[PDB]
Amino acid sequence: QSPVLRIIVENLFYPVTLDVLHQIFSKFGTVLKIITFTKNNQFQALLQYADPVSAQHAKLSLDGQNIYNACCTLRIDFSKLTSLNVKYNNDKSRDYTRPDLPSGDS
């Protein structure tokens, strides 16, 4: 059981920020890190909980749900990654346990 979730937000008809993902997923556990990126013309993210059960719970409860009315559908699966490596704290990535990270390459 991996504590890391792979997320895809489909029907992105309104922007979804990293902070909004933190808000939604924090209802099921302690979110340690999040990284977002765009690949294959799809908005994706990796999110790490401290507890694998929290990840399981969030997947069961949130998969297929729309973040906002009529858009932004969550497609959630488990990642094989055991943890996440975050280098910066900015609009695309965040390590909630490391407040000293720079916002971009030095």
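Just count from 1 along the sequence shown to find any residue number.
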- request: Select between 37-45 and 54-62 the stretch whose C-alpha atoms have the higher average B-factor in the entry.
  value: 37-45
message: Ranking the modelled residues of this chain by C-alpha B-factor as given in the entry, is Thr82 in the lowest, middle or highest third?
response: highest
message: How does the C-alpha B factor of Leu101 compare with the rest of the chain: lowest, middle or highest third?
response: highest
- line: Temperature factor at the Cα of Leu21, chain-ranked in thirds, falls in the lowest
